[PDB]
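Alright, two takes on the same chain below, each alone as structure tokens: structure 1 and structure 2.
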Structure 1
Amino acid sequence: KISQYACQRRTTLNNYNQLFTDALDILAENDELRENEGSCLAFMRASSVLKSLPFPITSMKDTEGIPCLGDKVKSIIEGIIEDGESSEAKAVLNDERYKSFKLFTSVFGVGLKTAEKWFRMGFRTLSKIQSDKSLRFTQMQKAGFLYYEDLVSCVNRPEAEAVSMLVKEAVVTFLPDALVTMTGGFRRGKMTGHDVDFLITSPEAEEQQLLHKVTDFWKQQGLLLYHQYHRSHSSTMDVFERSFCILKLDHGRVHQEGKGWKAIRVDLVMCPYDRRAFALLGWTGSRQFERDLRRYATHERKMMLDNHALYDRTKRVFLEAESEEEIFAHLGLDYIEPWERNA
């Protein structure tokens, strides 16, 4: 009855197995660090399937019939049932390679490889890395270390709403007919997020440079702290735009103070109005929902799904969709609401 695919199940923000999922997230992280991809993904798949459960696991008889649960994960669940604590997950939290990985990757622009590199070189504290005279940091890491305190503190709902006000203001000046939709975690009904995601669209447009007009508008106001611009060219080829920014958000815009503003990561995606459903589906997430939408489409339906279209391999035709509901209906899936995509 429970599907091994996240796109074929409902995952709201009510997690009844948080004691089990917190341990499995830790064991996935350790296998990611140790670079054993298959084992990492298995712990990720299993943590995700327990989040979908409308009930908490209290006995091993509960695990029966649940996909993504094999011998190793069943033995992790058993340990939390008998003790209340996981011995395997607790060991990982005390590991020095893991502690450094979680401390060095907390910096925006630093991933697994540089965090492994710095640990190999003998680095333990984020201050020693910053106070060096040989390390060559990327523009992303220079931003990550500049705004570190504001960047590690999550974006809340009043902040996402003030960022929404800023984006809609900026967009409406260049394209007054444009539709601005909050995507990502906040569209899934989350109250906090690491960043704020948006999707911008226009039926009457000119649109080929809106993100470049909007970001130059913020730069003239001194609000563009960092920016990385992206582009692209029955469905046919793209018209697509993307802009990943770090914006200066004055506390006056949000409903000791000190600084007067907070650095927030803003992801702005722009697509043609006829490609909106695919973009909404692709940028609402979650990441697990997306990787399982792709997995299910290729393996169960002989179809290819991306953030821009859905292709039927057998019929050799692109399947058109005006809404997210039409994409689900094409794929042979029961519609999953954005707040039910928290896989």
Structure 2
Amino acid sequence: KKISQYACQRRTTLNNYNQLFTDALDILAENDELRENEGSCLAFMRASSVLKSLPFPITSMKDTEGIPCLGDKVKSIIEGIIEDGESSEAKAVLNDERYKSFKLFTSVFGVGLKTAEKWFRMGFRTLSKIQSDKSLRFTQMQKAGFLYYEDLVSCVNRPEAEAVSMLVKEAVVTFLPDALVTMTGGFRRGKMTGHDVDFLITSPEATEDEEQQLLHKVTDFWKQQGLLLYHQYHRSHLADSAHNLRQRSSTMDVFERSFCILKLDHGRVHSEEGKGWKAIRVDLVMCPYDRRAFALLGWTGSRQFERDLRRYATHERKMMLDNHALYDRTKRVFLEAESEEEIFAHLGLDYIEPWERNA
């Protein structure tokens, strides 16, 4: 009867009846994330997450009874929204100069919290002043971010995601004809838009040297076709908390990870002119065939669903879950699974469909 504090024990579809509340909570979490106050950031993210799962809109304070992740601070924000249809706390964040600058600077691909603070303390407030400054030096990633800014700020839609899927499939099958390409992330959860397109590549017949060289061969193929705009391996990046999977280094050694920017020609997109092409972010994961169920679960998301699955495993089941395996800490054995359903069953959880993982 009671709503669980874990997102892995709730069904969260794209039907949100509480957008007025969750938009204000996302603004407050984002402000704390950009300022690195991680404890309170997560508390606002959890509060936003549970409200997204509600099958009715909050219309009175009596509706917050028996709902987890709602303390005195979150209750006062909800109360304030019930009163005038707006949050005075979220409105102050939207008018904050540090929030506005950080939000704008980190909207450029390759700009992390350290670079955005650096620019803010120099007195910069706009992207035109940053781009035209005579002394500033930029990384190759930041250069791609500025050169393809308008295409990246506009999001990828489902027709564009499927056209990129065709490019990935053609390239992969040239080197591994038996390879299976699965679209993961937000698009797997039924989202109609995304900041990127995510893929999981697996091959039953591939060898260790073949698995380790596939992403190298795929990106070289795109480079020869004139489709590669930017490329980097995750091993040489160092990402901020928002993009950190929090996995063991021996777990990550098992996979091959690559992130690109692809030139997507309009003639490849089947949907409802300009330069005739659009720059698209693509994230690629190569995983060993035997670890495919754990990798599909881990890269489907959402971020909130993943971290609560692991928190539940640790604190409720005395288990250890990651993107390659499930370990029972008490019995000292690994639990085998060939499907996402088998993983949920080992955890003692009712199976949650990917379209219900939008926590």
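Just so we're on the same page, residue numbers count up from 1 along structure 1's sequence. In this text, rigid core is short for the largest set of C-alphas that superpose within 1.5 Å between two forms.
Of the residues listed here (26, 280, 33, 310), only one shifts its CA by 2 angstroms or more between structure 1 and structure 2 after fitting on the rigid core, and it is 33.
For residue 55, the Cα shift between structure 1 and structure 2 is 1.1 Å when the rigid core is held fixed in the overlay. Taking the rigid core as reference, the CA displacement of residue 112 between structure 1 and structure 2 comes to 2.2 Å.
When the core is overlaid, the C-alpha of residue 99 ends up 0.9 Å from its other position between structure 1 and structure 2.
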